[PDB]
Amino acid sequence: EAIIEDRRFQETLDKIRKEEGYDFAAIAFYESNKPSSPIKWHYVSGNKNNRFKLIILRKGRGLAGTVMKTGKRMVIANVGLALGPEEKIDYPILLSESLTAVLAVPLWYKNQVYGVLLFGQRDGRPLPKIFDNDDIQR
């Protein structure tokens, strides 16, 4: 039914993670149509575990929360320099996936942010070149 859409999001997420040269990628969306729904990471690629399913974010909160609020990308080129390890609790995917750099971008459909696409590095691997101009190939 909608299994055809999961396939296509998942395949596209994997391909794009590898082609872009990232250790981790994820997509967050609102959990439900209930107009005070939280946001969860629904698809992942290169995950170490499934503790990301524990993350529940309200509008404005995490990486996904903030990008969905602002409509703007968020880049942390080095998590260690940018955030005290105690403050990393505000961005819980950092902790569950051991990310040392991240890029989170909005996914747009008809001028509305419908989700957040997150790319992550581990082990101090640096972010490859962020092509400013991109597309939402969906």
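Start at 1 and count along the sequence shown; that's the residue number.
- Higher mean CA temperature factor between 76-84 and 33-41: 33-41, per the PDB entry.
- Taking the mean C-alpha B-factor of each stretch as recorded, 126-134 and 12-20 are not equal, and the higher mean is that of 126-134.
- Of the candidates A101, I89, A104, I27, the PDB record gives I89 the highest C-alpha temperature factor.
- Split the chain's modelled residues into thirds by C-alpha temperature factor. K59 is in the highest one.
- When the modelled residues of the chain are ordered by their C-alpha B factor, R51 lands in the lowest third.
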